[PDB]
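S.K.: The structure under discussion is supplied below as structure tokens; questions concerning it will follow.
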16 protein chains.
Amino acid sequence: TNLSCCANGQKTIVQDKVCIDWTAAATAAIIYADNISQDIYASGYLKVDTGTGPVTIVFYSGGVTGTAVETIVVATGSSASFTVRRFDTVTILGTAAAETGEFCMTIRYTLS
Amino acid sequence: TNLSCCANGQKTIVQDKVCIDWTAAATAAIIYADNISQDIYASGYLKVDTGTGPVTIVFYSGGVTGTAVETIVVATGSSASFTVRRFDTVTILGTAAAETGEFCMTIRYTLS
Amino acid sequence: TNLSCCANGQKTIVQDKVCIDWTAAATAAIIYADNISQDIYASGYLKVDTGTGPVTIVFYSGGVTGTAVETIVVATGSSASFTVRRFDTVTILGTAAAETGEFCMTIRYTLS
Amino acid sequence: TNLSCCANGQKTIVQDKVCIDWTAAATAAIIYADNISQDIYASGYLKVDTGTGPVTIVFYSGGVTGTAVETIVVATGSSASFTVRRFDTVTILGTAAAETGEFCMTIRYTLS
Amino acid sequence: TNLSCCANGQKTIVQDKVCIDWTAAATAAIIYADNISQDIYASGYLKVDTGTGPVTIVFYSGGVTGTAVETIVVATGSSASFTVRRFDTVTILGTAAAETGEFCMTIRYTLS
Amino acid sequence: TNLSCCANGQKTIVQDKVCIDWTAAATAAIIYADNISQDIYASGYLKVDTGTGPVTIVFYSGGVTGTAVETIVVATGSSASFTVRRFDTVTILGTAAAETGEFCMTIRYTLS
Amino acid sequence: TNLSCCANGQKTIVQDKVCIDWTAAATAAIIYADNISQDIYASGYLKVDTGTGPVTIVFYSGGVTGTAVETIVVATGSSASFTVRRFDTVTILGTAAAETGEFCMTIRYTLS
Amino acid sequence: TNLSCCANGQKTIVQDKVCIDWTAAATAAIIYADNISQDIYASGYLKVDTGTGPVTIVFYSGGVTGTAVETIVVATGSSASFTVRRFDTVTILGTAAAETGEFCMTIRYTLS
Amino acid sequence: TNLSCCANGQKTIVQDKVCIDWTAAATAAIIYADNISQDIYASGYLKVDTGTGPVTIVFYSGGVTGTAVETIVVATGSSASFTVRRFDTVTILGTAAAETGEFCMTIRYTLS
Amino acid sequence: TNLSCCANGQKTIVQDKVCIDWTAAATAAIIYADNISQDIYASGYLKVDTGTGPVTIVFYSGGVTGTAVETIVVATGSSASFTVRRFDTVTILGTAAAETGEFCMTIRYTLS
Amino acid sequence: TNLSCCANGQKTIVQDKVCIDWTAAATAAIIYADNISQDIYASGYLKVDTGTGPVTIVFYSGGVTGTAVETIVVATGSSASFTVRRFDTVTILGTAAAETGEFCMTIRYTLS
Amino acid sequence: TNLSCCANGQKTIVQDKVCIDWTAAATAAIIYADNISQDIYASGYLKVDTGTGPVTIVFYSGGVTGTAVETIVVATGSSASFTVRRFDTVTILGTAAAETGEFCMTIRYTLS
Amino acid sequence: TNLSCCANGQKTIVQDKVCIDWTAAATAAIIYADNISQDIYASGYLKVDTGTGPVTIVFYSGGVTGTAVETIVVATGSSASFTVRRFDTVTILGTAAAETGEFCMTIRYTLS
Amino acid sequence: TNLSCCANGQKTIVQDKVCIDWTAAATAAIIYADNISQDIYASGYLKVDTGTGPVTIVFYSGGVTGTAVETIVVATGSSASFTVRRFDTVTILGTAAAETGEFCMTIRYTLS
Amino acid sequence: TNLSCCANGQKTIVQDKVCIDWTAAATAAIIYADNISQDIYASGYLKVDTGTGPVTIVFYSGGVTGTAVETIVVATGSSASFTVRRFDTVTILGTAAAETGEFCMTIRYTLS
Amino acid sequence: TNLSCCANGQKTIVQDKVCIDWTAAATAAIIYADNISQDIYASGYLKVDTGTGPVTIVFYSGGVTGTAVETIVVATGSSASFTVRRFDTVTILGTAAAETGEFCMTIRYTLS
């Protein structure tokens with residue numbers, strides 16, 4: 001209850017959502033990227049719909065040649081969920097059979 | 001009511017939710033993974049819809065070769081619920097008959 | 001009004017209908033079969049049009065050598081209606097006079 | 001507006017309809033049967049078209065040797081309507097003159 | 001917005017409708033009957049089509065030897081409408097001239 | 001947002017409708033009757049189609065020998081509308097020329 | 001958010017509608033009447049279809065020998081609209097040529 | 001969140017609509033009238049369909065011999081819209097050629 | 001949370017809409033007028049459908065001989081949109097070729 | 001009511017229908033095939049019209065050398081109905097007498 | 001209920017139908033072709049009417065020298081049905097006896 | 001449910017149909033042309049009735065010297081179907097034997 | 001569900017059809033003309049029945065000395081179809097041999 | 001779904017048709033006339049059957065001494081089609097050789 | 001929670017939307033204008049549908065001879081989106097080929 | 001709870017959304033632009049629908065000749081999502097084959 005002239009004062013937390021359909025080649029493909037790396041929390045799932053051979057999802061902090069903070073391998077016809085913080089990019093890798101599937105993610109950031 | 005210049009100050013608690021459908025092979029399959037292992041509380045259920053033989057769900061703290069903080073065995077046509085803290089991955093194991101079912105989970109974390 | 005990345009989310013209820021004409025021998029004859037045994041609700045009637053001697057309709061959960069969840073005996077020239085859930089097959093049994101009649105059924109399932 | 005991982009959650013109410021023509025002997029004859037006895041609400045009418053002597057309709061909860069939750073006696077050339085809950089079978093009884101008529105019923109159940 | 005594990009929770013109101021044609025003898029005849037006596041609201045009309053002498057309609061709560069919650073006398077060639085709650089049976093009485101007419105009723109109940 | 005175990009809680013408002021054709025003798029004739037006298041709101045019209053001399057409609061609260069809460073006199077070939085609350089019966093009176101006409105009414109009650 | 005045991009609590013606003021065709025003599029004729037005089041709001045129009053000479057519509061609060069809260073004079077072949085509160089009856093007056101027309105009105109009351 | 005026994009408490013805003021067709025003589029003709037003059041907001045249009053010479057619409061607060069709060073002159077074959085508050089009557093004036101057209105208006109009042 | 005007996009208290013914002021078709025002569029023609037000049041916000045478009053030569057729309061605050069707060073010139077076959085506050089009338093001016101077109105406007109006012 | 005940029009968003013359920021006439025040799029013959037194996041629900045009937053000896057219908061998930069999720073044997077002159085999910089092909093087998101009949105099927109898929 | 005200026009907004013699903021008669025040579029012949037390969041769902045049947053030797057139908061994704069997503073072999077005098085997605089062309093191959101038959105297909109696409 | 005003054009608002013999808021008979025020379029001949037190239041979806045067939053040598057149909061986007069989005073070669077006595085989007089013209093090419101046949105096409109466009 | 005007094009409101013789409021027989025001289029001849037140039041969509045065909053030398057059809061937007069939005073050249077004994085929007089006139093040009101043929105066109109306009 | 005007492009409410013579109021045979025003198029002759037000039041859409045053709053010299057058809061808005069909204073010149077032995085809105089009369093002009101022909105027209109108006 | 005008599009107190013944020021179709025000449029044309037320049041935020045897109053050569057859109061703060069706060073150049077057949085604050089007018093410039101297209105914009109202002 | 005006369009006080013966060021379809025040439029093309037560069041957070045996806053060769057999306061802070069805060073390369077037939085802050089323009093670059101696709105983006109700004 002004391003007056004204070006503080007501009008960068010109260011901070012609110014906000015949430016966003018994204019949904020995409022992806023097709024995987026036999027090279028690492030960027031599926032998501034941001035620049036708010038320090039304060040980000042993301043939850044979601046990856047579903048591998050059609051194709052053969054497992055699909056590998058990797059979260060990178062500090063570019064693709066950074067640090068693999070998380071890595072998941074998903075078989076065809078199944079799904080896998082996650083929640084991760086402090087990541088910069090996400091890449092998917094698949095066999096040269098062009099697997100395809102979905103990708104959903106909700107994102108929290110405490111800025112505006 | 002005393003002024004204090006404390007940046008990492010008040011912390012709010014937030015909640016997320018995920019839903020997936022899974023198919024189980026006769027090997028351990030990753031169904032969920034995160035990197036916020038120290039402060040996470042998760043509640044949910046697992047339902048085994050079709051197939052034969054029980055399905056085993058295991059929560060791991062410290063990777064798959066870590067410590068099984070929780071393990072549940074669910075028969076076909078029934079369900080089982082849970083709430084767990086400090087876990088890193090979740091894996092499902094089934095018979096080589098490709099059982100399939102659902103997986104729902106709500107996640108609490110006190111960061112942002 | 002909270003964002004959630006839940007794939008197996010909202011489920012709708014759908015309805016189908018089937019109509020057939022049947023002839024009954026003096027052995028159990030399969031008249032209907034499915035594999036969605038856990039969530040199925042069916043309403044309908046059976047009409048015995050011509051022949052002699054009663055016709056017996058049996059609903060089975062778990063194959064023909066399962067459990068008779070329902071059994072109805074219908075005389076010639078009359079009808080009988082029903083509604084049943086969790087059944088796997090339906091069989092009709094008649095005298096060795098080759099009775100014949102109709103069979104109508106509406107089916108509800110909450111999947112897609 | 002609070003996230004909850006509740007599978008057997010919202011329940012919808014559904015309605016079905018059946019129509020038959022019946023012929024009555026001088027013994028109790030099953031005209032309708034179900035196995036969803038706990039949650040069922042049915043409205044309809046019975047019309048006695050031709051024959052002599054009254055026709056008696058009885059609703060049974062717990063098999064034919066159960067409890068007569070409802071009983072109506074209808075004269076020839078007239079009709080009678082009803083609405084009933086928690087019944088298992090319905091039987092009709094007539095004189096040995098083979099009366100015949102109609103039977104219509106709408107069924108509500110709050111499952112799927 | 002507080003979680004509560006209450007099974008017999010929200011209740012919906014549902015509506016049904018019935019229509020019949022009736023012939024009246026010189027004795028009380030049951031024209032409608034139910035067993036949901038505590039929560040029922042019914043609106044409708046009675047039309048006396050042919051015959052002579054008035055027709056008397058009586059609503060009973062607690063069987064025919066119960067309490068006449070409502071009684072209406074209708075002349076030939078005219079009609080009369082109503083809405084009533086908490087009744088168990090309805091009976092019609094006419095002269096020994098076999099008057100005939102119609103009977104329509106919509107029924108509300110707040111169960112399922 | 002405070003939990004309360006109150007059974008007779010929220011109350012909904014429901015609406016019904018009735019339509020009839022009437023013939024008027026030279027005595028008061030009951031055209032509508034109910035037993036929910038305390039909470040009822042009704043709107044509608046009366047149309048005098050054929051005959052001679054005015055037709056008088058009276059709404060009674062507390063039986064026919066009660067209190068005439070409303071009274072309208074309608075000439076032949078014209079109509080008159082109304083809305084009324086707390087009434088128990090309605091009667092029509094006409095000349096001994098057998099006037100005939102229509103009667104429509106929508107009814108609101110806040111019970112179920 | 002404080003518990004209160006108040007029966008005559010929240011009040012909802014409801015709306016009704018009426019439509020009639022009228023024929024006007026050379027005397028005041030009642031065209032609408034109610035008994036909810038304190039809380040009523042009505043909007044609508046009057047159309048004079050055929051005849052000669054103007055037709056006068058008067059709204060009365062406190063019976064016909066009350067207070068003319070509103071009065072409108074409408075020529076043949078034209079219309080006039082209105083909205084009025086706290087009135088008890090409505091009367092129409094026309095020349096002795098039997099003009100005829102329509103009358104539509106929507107009614108709001110905040111009771112049930 | 002403090003209990004208060006205030007009857008004339010919360011007030012809701014309601015909206016009505018009226019549509020008419022008008023024919024204009026060579027004298028001021030009343031086209032709309034009310035008695036809720038203090039709180040009324042009305043929006044709409046006037047369209048002059050057939051005839052010759054302009055048609056003048058005037059809004060009056062305090063009777064026809066009151067104050068012309070608004071006045072619009074509309075040519076034949078065109079339209080003009082408006083929104084006005086605190087008016088008591090509306091009049092239209094046209095040439096002695098019997099122009100005709102339409103008149104639509106939506107009305108807001110914050111009473112019930 | 002302090003009790004206050006303030007009548008002109010909370011104020012709500014409401015929105016209206018109007019649509020017209022206009023024909024323009026070679027003089028300024030009033031197309032819209034109000035008397036709530038102090039608090040009004042309007043958005044919309046003007047479309048010039050047929051004719052030749054540009055059409056000029058002018059918004060006036062303080063009568064036609066007031067202040068042109070806004071002025072737009074629109075060619076034939078094109079449109080132009082706007083949002084404006086504190087205006088009293090709107091006028092359109094066209095060549096003596098009788099151009100015609102449409103005019104749509106949504107109006108916000110924070111009174112009732 | 002929160003904006004979300006989700007492409008693979010709402011999914012609708014669609015239904016198709018097919019009808020054919022078939023002739024059966026003494027080898028397995030493909031009668032239906034698809035590639036949407038993961039989300040498909042099919043209802044229908046098989047009627048054996050002419051020939052001798054039973055006809056066997058088999059549903060396969062994962063090619064003909066896959067898993068027989070369903071198998072039905074139908075005698076000549078009778079019919080049999082079904083509903084099945086997750087199947088890839090359907091084959092019919094008959095005696096070397098060239099039986100012939102019909103095949104009807106309605107197909108549901110929740111993609112587009 | 002939030003305004004959004006999104007052009008490529010709601011998308012509807014539309015259905016088309018085609019029927020042809022074909023004659024097959026001893027080389028692959030194109031029977032259907034499109035360019036909306038990414039979103040197409042097609043159901044139908046192929047009937048081999050006259051000729052000798054089986055007829056082979058192949059669906060290609062990515063031109064004729066692409067990937068055979070589906071292949072069916074149909075004998076003479078019988079039929080075969082299908083539903084397929086993501087295909088680019090269809091080809092038929094027959095013996096050098098000029099078999100002939102029909103081809104029906106319904107096509108769904110979610111564009112316009 | 002929020003008012004918006006948006007002219008180019010809801011868009012409907014409409015369908016047209018055309019049928020012609022064509023004769024082919026030994027030069028490219030225009031058989032169809034439009035100017036709504038951006039939003040057009042067309043389905044149909046081409047039948048080669050009489051002549052010798054194959055007939056080639058080409059769809060062009062951007063004039064005849066544009067891009068061949070589709071090309072089909074049809075033998076004599078057979079047919080070929082198609083569905084195509086974003087095309088501007090269609091041309092047919094045949095041998096110098098004056099083949100002749102039919103051409104049917106249904107056209108969808110989402111404008112008006 | 002918000003009341004709005006919008007006259008130029010909902011617009012419907014209507015369709016017309018015309019058929020003629022034409023004879024072509026060696027000068028441009030007007031074959032079709034309108035004045036609703038801004039919103040018109042037309043589909044149809046042109047058939048050249050008898051004569052020699054090609055016939056040229058041209059669609060003009062803005063009079064004959066306007067802009068040739070479309071031009072087609074048709075040989076004798078063949079036909080050509082089209083769909084076009086925003087055109088004002090159509091002209092045909094032929095050799096001085098008096099070719100003759102047909103002309104069919106369906107017209108869509110979204111006005112009334 | 002909000003009640004509204006709007007008389008000039010929904011408007012339907014209706015269509016009429018007329019056919020005549022005409023003979024043209026060497027003066028302008030009225031061939032069609034109406035008084036619904038503001039909302040009329042007409043499609044049709046004119047065929048010049050016998051005579052010499054061209055025949056000129058003119059559409060007039062605002063009497064014969066009005067504005068020629070459309071003008072077409074048709075040679076003998078040929079035809080010309082049209083669609084036009086907002087016209088008042090139609091006149092034909094021919095050489096003093098008494099040409100004769102036909103005139104067909106379909107008329108749309110959105111009134112009744 | 002301290003009483004304060006502050007009239008210009010709480011301020012709400014409101015949103016509007018506009019949609020138009022435009023045709024561009026070879027001069028700057030005003031497409032949007034306002035007078036609330038200090039607090040306005042607008043998002044939307046511009047689509048160039050037909051024509052040749054790029055179209056240039058310019059946002060001006062302080063009249064057309066003000067400051068170009070934003071400028072975008074859009075090619076034919078493509079679109080471009082934006083969000084801008086503090087602008088006064090918008091102008092479009094195109095080649096002398098009369099390009100045409102659409103323009104959608106949502107507007108936020110924090111006044112009323 | 002201390003009174004303070006602070007105008008630029010509480011700030012709310014608002015969200016907008018935009019959707020477009022784009023066609024890419026072989027030069028950088030502006031697809032989005034703003035002037036609120038300091039406080040903007042945007043999430044969305046880019047989908048490459050048709051064409052060949054990858055499409056490159058670049059976010060620029062400080063004009064096109066500024067700093068590439070983000071850059072993503074997307075192959076044909078796949079998608080890529082993002083969230084970015086402090087950017088000024090967005091550009092797309094494609095091969096000279098005119099690839100086309102979609103672009104969706106939700107925008108947050110904490111001003112009004």
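Note on naming: chains are A, B, ... as they come in the structure tokens, residues start from 1 per chain, ligands start from 1 in the order shown.
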Which polymer residues have any atom within 10 Å of an atom of residue 106 in chain D, counting only C-alpha atoms, with same-chain residues fewer than 5 positions away left out, as a ChimeraX atom specification?

M.R.: /D:15-19,41-45,83 /E:16-18

S.K.: Mind writing the picked residues with C-alpha atoms as a short mmCIF file (atom, residue, chain, number, x, y, z; two decimals), in the first residue's frame?

M.R.:
data_model
loop_
_atom_site.label_atom_id
_atom_site.label_comp_id
_atom_site.auth_asym_id
_atom_site.auth_seq_id
_atom_site.Cartn_x
_atom_site.Cartn_y
_atom_site.Cartn_z
CA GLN D 15 -34.18 -41.34 -27.83
CA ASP D 16 -35.27 -44.33 -29.91
CA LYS D 17 -38.60 -45.52 -31.31
CA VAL D 18 -40.19 -48.88 -32.12
CA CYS D 19 -43.46 -49.93 -33.76
CA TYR D 41 -38.09 -44.02 -19.63
CA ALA D 42 -40.69 -45.14 -22.14
CA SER D 43 -43.86 -43.52 -23.45
CA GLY D 44 -46.36 -44.92 -25.90
CA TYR D 45 -49.75 -46.46 -26.57
CA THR D 83 -45.18 -43.67 -19.56
CA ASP E 16 -42.89 -36.60 -24.70
CA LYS E 17 -46.17 -36.70 -26.61
CA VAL E 18 -49.02 -39.20 -27.06
#

S.K.: Please list as an MDAnalysis selection string every residue within 10 Å of residue 52 in chain B, counting only C-alpha atoms and excluding residues in the same chain fewer than 3 positions away.

M.R.: chainID B and resid 48:49 55 75:77 94:100

S.K.: How would the residues just picked look written out with C-alpha atoms as a PDB file, in the first residue's frame?

M.R.:
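What follows is the written file part.pdb:
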ATOM      1  CA  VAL B  48      -6.675 -50.107 -21.898  1.00  0.00           C
ATOM      2  CA  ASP B  49      -9.258 -50.364 -24.657  1.00  0.00           C
ATOM      3  CA  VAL B  55      -0.263 -53.289 -19.954  1.00  0.00           C
ATOM      4  CA  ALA B  75      -5.901 -55.369 -17.381  1.00  0.00           C
ATOM      5  CA  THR B  76      -7.805 -55.091 -20.654  1.00  0.00           C
ATOM      6  CA  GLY B  77     -11.195 -53.431 -20.409  1.00  0.00           C
ATOM      7  CA  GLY B  94       2.460 -54.444 -23.677  1.00  0.00           C
ATOM      8  CA  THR B  95       2.245 -57.908 -25.160  1.00  0.00           C
ATOM      9  CA  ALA B  96       3.076 -58.395 -28.845  1.00  0.00           C
ATOM     10  CA  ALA B  97      -0.616 -58.147 -29.681  1.00  0.00           C
ATOM     11  CA  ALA B  98      -0.714 -54.353 -30.192  1.00  0.00           C
ATOM     12  CA  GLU B  99      -3.067 -53.314 -27.428  1.00  0.00           C
ATOM     13  CA  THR B 100      -4.428 -49.807 -27.762  1.00  0.00           C
TER      14      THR B 100
END

S.K.: Could you pull the residues within 12 Å of residue 78 in chain F, counting only C-alpha atoms, minus those fewer than 6 positions along the same chain, as an mmCIF file with N, CA and C atoms, in the first residue's frame?

M.R.:
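Listing of part.cif after writing:
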data_model
loop_
_atom_site.group_PDB
_atom_site.id
_atom_site.type_symbol
_atom_site.label_atom_id
_atom_site.label_comp_id
_atom_site.auth_asym_id
_atom_site.auth_seq_id
_atom_site.Cartn_x
_atom_site.Cartn_y
_atom_site.Cartn_z
ATOM 1 N N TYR F 45 -55.823 -15.871 -27.573
ATOM 2 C CA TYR F 45 -56.941 -15.181 -28.198
ATOM 3 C C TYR F 45 -58.154 -16.093 -28.228
ATOM 4 N N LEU F 46 -59.316 -15.475 -28.404
ATOM 5 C CA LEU F 46 -60.568 -16.169 -28.657
ATOM 6 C C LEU F 46 -61.185 -15.580 -29.911
ATOM 7 N N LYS F 47 -61.586 -16.451 -30.833
ATOM 8 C CA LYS F 47 -62.205 -16.057 -32.090
ATOM 9 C C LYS F 47 -63.588 -16.677 -32.175
ATOM 10 N N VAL F 48 -64.596 -15.850 -32.414
ATOM 11 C CA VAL F 48 -65.966 -16.311 -32.578
ATOM 12 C C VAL F 48 -66.230 -16.404 -34.070
ATOM 13 N N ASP F 49 -66.393 -17.626 -34.564
ATOM 14 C CA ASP F 49 -66.452 -17.862 -36.000
ATOM 15 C C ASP F 49 -67.872 -17.742 -36.535
ATOM 16 N N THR F 50 -68.785 -18.571 -36.041
ATOM 17 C CA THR F 50 -70.148 -18.553 -36.549
ATOM 18 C C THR F 50 -71.139 -18.539 -35.399
ATOM 19 N N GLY F 51 -72.338 -18.061 -35.700
ATOM 20 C CA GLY F 51 -73.430 -17.951 -34.765
ATOM 21 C C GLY F 51 -73.945 -16.538 -34.728
ATOM 22 N N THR F 52 -74.747 -16.247 -33.714
ATOM 23 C CA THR F 52 -75.264 -14.909 -33.495
ATOM 24 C C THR F 52 -75.129 -14.559 -32.023
ATOM 25 N N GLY F 53 -75.112 -13.265 -31.740
ATOM 26 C CA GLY F 53 -75.047 -12.803 -30.378
ATOM 27 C C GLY F 53 -73.664 -12.968 -29.795
ATOM 28 N N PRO F 54 -73.307 -12.099 -28.859
ATOM 29 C CA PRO F 54 -71.952 -12.121 -28.310
ATOM 30 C C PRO F 54 -71.706 -13.356 -27.461
ATOM 31 N N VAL F 55 -70.431 -13.717 -27.360
ATOM 32 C CA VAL F 55 -69.975 -14.815 -26.519
ATOM 33 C C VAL F 55 -69.134 -14.226 -25.398
ATOM 34 N N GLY F 101 -66.321 -21.566 -32.578
ATOM 35 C CA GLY F 101 -65.106 -20.822 -32.826
ATOM 36 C C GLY F 101 -63.882 -21.563 -32.339
ATOM 37 N N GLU F 102 -62.787 -20.823 -32.196
ATOM 38 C CA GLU F 102 -61.489 -21.376 -31.832
ATOM 39 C C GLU F 102 -61.021 -20.820 -30.495
ATOM 40 N N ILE G 20 -54.358 -10.834 -33.926
ATOM 41 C CA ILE G 20 -55.776 -11.051 -34.181
ATOM 42 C C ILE G 20 -56.230 -10.230 -35.377
ATOM 43 N N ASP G 21 -57.405 -10.589 -35.885
ATOM 44 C CA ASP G 21 -58.126 -9.821 -36.887
ATOM 45 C C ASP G 21 -59.402 -9.290 -36.256
ATOM 46 N N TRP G 22 -59.700 -8.021 -36.494
ATOM 47 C CA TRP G 22 -60.802 -7.359 -35.817
ATOM 48 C C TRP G 22 -61.740 -6.700 -36.813
ATOM 49 N N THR G 23 -63.003 -6.604 -36.404
ATOM 50 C CA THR G 23 -64.043 -5.862 -37.102
ATOM 51 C C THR G 23 -64.645 -4.856 -36.135
ATOM 52 N N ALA G 24 -64.756 -3.606 -36.566
ATOM 53 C CA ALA G 24 -65.125 -2.509 -35.683
ATOM 54 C C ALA G 24 -66.552 -2.055 -35.950
ATOM 55 N N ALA G 25 -67.351 -1.971 -34.893
ATOM 56 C CA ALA G 25 -68.685 -1.402 -34.976
ATOM 57 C C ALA G 25 -68.637 0.068 -34.571
ATOM 58 N N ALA G 29 -65.171 -1.142 -28.580
ATOM 59 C CA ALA G 29 -65.086 -2.589 -28.460
ATOM 60 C C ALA G 29 -63.764 -2.964 -27.814
ATOM 61 N N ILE G 30 -63.825 -3.854 -26.824
ATOM 62 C CA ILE G 30 -62.623 -4.310 -26.141
ATOM 63 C C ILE G 30 -61.846 -5.241 -27.055
ATOM 64 N N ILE G 31 -60.570 -4.940 -27.256
ATOM 65 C CA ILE G 31 -59.716 -5.722 -28.138
ATOM 66 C C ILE G 31 -58.605 -6.425 -27.377
ATOM 67 N N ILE G 92 -61.194 -0.258 -29.442
ATOM 68 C CA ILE G 92 -61.224 0.285 -30.793
ATOM 69 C C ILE G 92 -62.617 0.818 -31.092
ATOM 70 N N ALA G 98 -68.331 -1.012 -40.479
ATOM 71 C CA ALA G 98 -67.673 -2.288 -40.221
ATOM 72 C C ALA G 98 -66.310 -2.361 -40.908
ATOM 73 N N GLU G 99 -65.427 -1.452 -40.512
ATOM 74 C CA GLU G 99 -64.041 -1.550 -40.933
ATOM 75 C C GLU G 99 -63.421 -2.800 -40.336
ATOM 76 N N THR G 100 -62.410 -3.332 -41.010
ATOM 77 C CA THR G 100 -61.723 -4.497 -40.486
ATOM 78 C C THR G 100 -60.232 -4.382 -40.745
ATOM 79 N N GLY G 101 -59.469 -5.069 -39.908
ATOM 80 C CA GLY G 101 -58.026 -4.989 -39.979
ATOM 81 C C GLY G 101 -57.361 -5.976 -39.049
ATOM 82 N N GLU G 102 -56.080 -5.735 -38.783
ATOM 83 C CA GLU G 102 -55.246 -6.625 -37.988
ATOM 84 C C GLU G 102 -54.769 -5.931 -36.720
ATOM 85 N N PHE G 103 -54.191 -6.721 -35.817
ATOM 86 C CA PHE G 103 -53.657 -6.186 -34.566
ATOM 87 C C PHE G 103 -52.617 -7.151 -34.026
#

S.K.: Write out as number ranges by chain all residues of chain K that DSSP puts in strand (DSSP E) for this structure's backbone.

M.R.: K: 5-6, 14-24, 29-34, 41-50, 55-61, 67-74, 79-85, 89-93, 99-109

S.K.: Check every residue of chain K for an atom within 7 Å of chain P, counting only C-alpha atoms, and provide those that qualify as a short mmCIF file (atom, residue, chain, number, x, y, z; two decimals) with N, CA, C and O atoms, in the first residue's frame.

M.R.:
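Here's the written file iface-v2.cif:
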data_model
loop_
_atom_site.label_atom_id
_atom_site.label_comp_id
_atom_site.auth_asym_id
_atom_site.auth_seq_id
_atom_site.Cartn_x
_atom_site.Cartn_y
_atom_site.Cartn_z
N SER K 4 -12.43 -11.10 -36.03
CA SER K 4 -11.16 -11.48 -36.64
C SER K 4 -11.28 -11.30 -38.14
O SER K 4 -12.29 -11.70 -38.73
N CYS K 5 -10.27 -10.71 -38.75
CA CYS K 5 -10.28 -10.42 -40.18
C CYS K 5 -9.45 -11.50 -40.86
O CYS K 5 -8.31 -11.27 -41.28
N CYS K 6 -10.03 -12.70 -40.96
CA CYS K 6 -9.35 -13.89 -41.47
C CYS K 6 -10.04 -14.32 -42.75
O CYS K 6 -11.18 -14.78 -42.72
N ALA K 7 -9.34 -14.17 -43.88
CA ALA K 7 -9.95 -14.42 -45.18
C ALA K 7 -10.08 -15.91 -45.45
O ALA K 7 -11.19 -16.42 -45.66
N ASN K 8 -8.97 -16.64 -45.46
CA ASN K 8 -9.02 -18.08 -45.64
C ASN K 8 -9.57 -18.72 -44.38
O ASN K 8 -8.88 -19.48 -43.69
#

S.K.: Near residue 90 in chain E, within 12 Å and counting only C-alpha atoms, which residues show up once chain neighbours fewer than 3 positions away are dropped, as a PyMOL selection string?

M.R.: (chain D and resi 72+80-82) or (chain E and resi 28-34+42+46+56-72+84+86-87+93+103+105)

S.K.: As a ChimeraX atom specification, please: the residues near residue 109 in chain N (cut-off 7 Å, only C-alpha atoms, same-chain neighbours under 4 positions excluded).

M.R.: /M:112 /N:13-15,39-41
